[PDB]
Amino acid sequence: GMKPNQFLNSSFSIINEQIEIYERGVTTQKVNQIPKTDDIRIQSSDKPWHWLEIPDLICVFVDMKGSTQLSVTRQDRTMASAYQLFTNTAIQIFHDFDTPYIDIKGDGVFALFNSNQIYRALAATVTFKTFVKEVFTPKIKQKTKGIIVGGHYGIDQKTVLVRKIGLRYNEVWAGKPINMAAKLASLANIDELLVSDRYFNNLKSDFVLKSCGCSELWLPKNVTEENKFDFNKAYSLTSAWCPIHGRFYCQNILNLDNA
């Protein structure tokens, strides 16, 4: 129902071009793991959009929480320092866990994992969560003389589509889990990880379901009235790596993907 006098001429022409592209339909092809970036082809502009379908991809999203009083303009520039200590550490930790794909969005970082990296994704997320709780929050509190800033985290797992868009070219991701992992992180309290029920249902080991004894780690949370999610239930983890047993637990959990 678009009319010429409703839009700029250029906008009108662009919208009609996008309508034509949309009317071409799509094609897809299955690829079991996140492909190398150069294996994602740039298409000729006349073709129907082609997507690669990655099954049961895991998306972790971590975001700074409680930072509204941190500043980029006042003398201490504390938001700049906090951004580095939070985001750069997130990136380096996810890289150390051999994350297939990392990207930065606002005050947050998302990390994509393959469907056979369930436990690796969790171990990387809990490592970052523990860093934030034990290091980031105390140091920012020291610098600000009292402000408590931390993180909150979400994980979802679902099939996604990927292709490249030129703005160079970047991967673009269509589907549920990146959007849903970010929405879960936004819903989470400070120092809380929320995961979807479909991701939680893939966690089977007592190394991740029960504490070290220093109890059930995960609590269900109904998310239906949020009107944001295509699943009924999330699961909440508020604990972190044990100061005594955390390394041993992380070692075992990482190995759980190899079986």
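Quick note: we count residues from 1 along the sequence shown, nothing fancier.
Unmodelled residues of the deposited sequence between neighbouring positions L167 and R168 number 10 or more. Unmodelled residues of the deposited sequence between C214 and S215: 4 to 9. Once the C-alpha B-factors are averaged per stretch, 72 to 80 and 168 to 176 rank with 168 to 176 first. Once the C-alpha B-factors are averaged per stretch, 142 to 150 and 181 to 189 rank with 142 to 150 first. The PDB entry gives the largest Cα B-factor of the residues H50, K65, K36, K233 to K36. The residue among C59, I42, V195, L203 whose C-alpha carries the highest B-factor in the deposited model is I42. When all modelled residues of the chain are sorted by CA temperature factor, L256 is found within the middle third.
Ranked within its chain, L122 lands in the lowest third, by CA B factor from the PDB record. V26 sits in the middle third of its chain by CA B factor, as recorded in the PDB entry. The PDB entry assigns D156 a C-alpha temperature factor belonging to the lowest third of its chain's modelled residues. Among the modelled residues of its chain, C250 has a C-alpha B-factor that falls in the middle third according to the deposited record.
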